[PDB]
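A single chain comes next, written as structure tokens; it is the form deposited in one PDB entry.
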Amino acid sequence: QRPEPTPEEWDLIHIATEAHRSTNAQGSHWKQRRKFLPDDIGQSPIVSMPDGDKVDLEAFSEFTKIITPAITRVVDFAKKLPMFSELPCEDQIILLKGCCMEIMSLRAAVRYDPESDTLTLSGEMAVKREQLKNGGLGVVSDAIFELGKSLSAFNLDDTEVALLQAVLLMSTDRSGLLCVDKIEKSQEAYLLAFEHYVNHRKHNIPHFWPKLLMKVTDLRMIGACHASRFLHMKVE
């Protein structure tokens, strides 16, 4: 009834799923290696910042210590998608700076653990809503957790997530792009493959596809609130 990946789109999906899996911290068995950020950390948000806000700085350090590798992995992922590597250097850097939080956020959210109400950062650090609120995301902490809980139910697989990530990456909605039309063709290709792959999985949920497109908007929201700290160093 509802259409299902063409053979060129099965190819796209292999490449994208392998790019995601090869850059997802600790891989598919991440859950068996975790350290819970300890209780005494992230509880006291007392230090002002050059931006005006108060932050439990110890916590902010513990987070800042593991963020660069996480960024690196987003870049590794991007560079493994051929439609992304064909872009000019100038546009690659824009696009990366632009989705890097959208993607790290999604990457944590699908590793939401209802058993302990924690997010899992880079496959190892289990954190509570309040630790990451006080560590420097404000309300953004609350937004990712709501999303975590929301996705438990959708039960996404590494392909769905991979493809979701490519749709985030090839956004045409960024200041400064040269090759806008190429990016939109590629976004459209990924969207259409993704819609098809979702067909191919009979999801025991009504309206799965459109419900899931809505979480794109939530992720672009996250990325818009926490966009400052990405004048990151992209090396192509």
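Residues that one form lacks are left out of the comparison. Residue positions are given as counts along the sequence shown, with the first one as 1. In this text, rigid core is short for the largest set of C-alphas that superpose within 1.5 Å between two forms.
As for the form deposited in another entry, it is not shown, yet the points below apply to it.
Candidate set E188, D173, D40, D51; criterion, C-alpha shift of 2 Å or more between this form and the one not shown after rigid-core fit; matching residue, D51.
Note: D142-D53 Cα separation is 3 Å or more shorter in the other entry than here.
Cα of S61 to Cα of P50: at least 3 Å longer in the other entry than in the shown structure. The protein segment that moves between this form and the one not shown, counted as a run of at least three consecutive residues with every Cα displaced by 2 Å or more relative to the fitted core, is 47-54 alone.
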